[PDB]
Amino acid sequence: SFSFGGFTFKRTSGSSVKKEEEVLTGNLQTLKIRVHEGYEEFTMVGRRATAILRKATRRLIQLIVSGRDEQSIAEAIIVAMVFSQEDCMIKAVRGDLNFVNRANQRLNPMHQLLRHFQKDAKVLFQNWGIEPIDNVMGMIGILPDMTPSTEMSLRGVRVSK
């Protein structure tokens, strides 16, 4: 098990093959990322939030998240979007990403994207995409403005209060 964004990730089902890919950000900057190519299921465990993740090759399929605060749910969603490696998240980067903090702390590209959206995630949520939802027991929706909804939700995100 590995840690990412303060969340503990564990693969429960599926398989993937790591592949290096060169991607282009929204600020026209190149990055070398290790793409886990294949279908996978993960469990995300944090101090204030918990979620179940489903992904494919650079595609988030399903994220069922719970937590104590609306802020703690936002934290889990962002991490899942960055871990998904989707193009909607890469192309939402507004600025060139550094790989070394001011106090010489080297960072890998995936942690570079995580810190960029942990700071400001308005562009990510706006351009991630919304989708209609069906009245399913224990599953509610949430909008790019963290507004709960029983009719729409951020694409693939379903809060389980």
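Numbers follow the displayed sequence, beginning with 1.
Mean CA B-factor, 90-98 versus 35-43: the higher value falls on 35-43.
Within the listed group 62, 57, 29, 108, the record reports its top CA B-factor for 57. Sorting the modelled residues of the chain by their CA temperature factor places residue 76 in the lowest third. In the deposited entry, the Cα temperature factor of residue 49 places it in the highest third of its chain's modelled residues.
In this PDB entry, residue 154 carries a Cα temperature factor that places it within the highest third of its chain's modelled residues. When the modelled residues of the chain are ordered by their C-alpha B factor, residue 146 lands in the lowest third. Among all modelled residues in its chain, residue 120 ranks in the middle third by Cα B-factor.
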